[PDB]
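One chain is shown next in structure tokens, namely the form deposited in one PDB entry.
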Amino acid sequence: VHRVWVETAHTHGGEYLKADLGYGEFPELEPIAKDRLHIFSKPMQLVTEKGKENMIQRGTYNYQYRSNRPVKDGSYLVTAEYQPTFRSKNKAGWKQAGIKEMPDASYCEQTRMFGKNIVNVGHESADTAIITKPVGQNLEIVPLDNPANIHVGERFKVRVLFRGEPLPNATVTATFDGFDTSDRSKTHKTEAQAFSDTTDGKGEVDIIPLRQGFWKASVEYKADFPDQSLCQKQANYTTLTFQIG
């Protein structure tokens, strides 16, 4: 089970911003496989007050991205996208539903994944103007506060958007690096979550971090593909990474 998240090395004001593209099992960065490079055909983007700008894939591994010019103190976003892919799917094999699950009617599903990282370059920077504005991700977690102001046990309010509208009753979960230490040699074991809750009518939910560290929140939404004459289903997996304390 491969998922997209974003990681940023701690930067000092006036340096190049370094980010990593998060493709696999969090939090272990892995090189993008040869048979998967077409999926990440567009580079990771840095969002500042000037807007969005692309980043340059350079480093010892092909998941490392750098800003072209250094960054001044502030609170910025780093965004990655799994470009839409298409796959065939059947349905069968449930515990006690029924053996004949619409007996092999195959359908098309479009998979899209997104990742957003809140990066505070200045160690004193906790601004909200940039990080609280949506960047247009089909499924998006928009922070309503800066993580630098959230202590352990406090509430970090985020909003879930699907196709530009708030998504109510959406399950958003959260984990951190070091919570679950079990190997990726047990079949496709997606990591345990240290938090889970559903969004309200405004698409908002308070993440309550019980530990400090590098946190990843995530939400997935499966829906009908807009143009049914091309494809039937659409799956979206979105993550938001941030530092607590």
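Between two forms, the rigid core is defined as the largest C-alpha subset superposing within 1.5 Å. Quick note: we count residues from 1 along the sequence shown, nothing fancier.
Residue 156, modelled here, also has coordinates in every other compared entry of this protein that models residues flanking it, well short of the third needed to call it frequently missing. Compared with other entries of the same protein, residue 101 falls in the group left without coordinates by at least a third of them, where both flanks are modelled. Just going by the entry, 96 to 104 versus 162 to 170 on mean CA temperature factor gives the higher value to 96 to 104. For the two regions 12 to 20 and 223 to 231, the entry's Cα B-factors average higher over 12 to 20.
The PDB entry assigns its highest CA temperature factor, among 218, 64, 41, 181, to 181. You'll see in the entry that, of 127, 81, 109, 140, the Cα B factor peaks at 127. Residue 193: CA B factor in the lowest third of modelled residues in this chain (values from the PDB entry). For residue 212, the recorded CA temperature factor ranks within the middle third of the chain's modelled residues. Sort the chain's modelled residues by C-alpha temperature factor and residue 115 lands in the lowest third, per the entry. In the PDB entry, a CA B factor belonging to the middle third of its chain's modelled residues is recorded for residue 32. When the modelled residues of the chain are ordered by their C-alpha B factor, residue 75 lands in the highest third.
The form deposited in another entry is left out here; the points below concern that form.
Core-based superposition between the shown form and the other one shows that, of 185, 41, 181, 60, only 185 has its Cα displaced by 2 Å or more. In the other form, the Cα-Cα separation between residue 188 and residue 162 grows by 3 Å or more relative to the displayed conformation. Here's the thing about residue 23 and residue 186: their CA atoms end up at least 3 Å closer in the other form than they are in this form.
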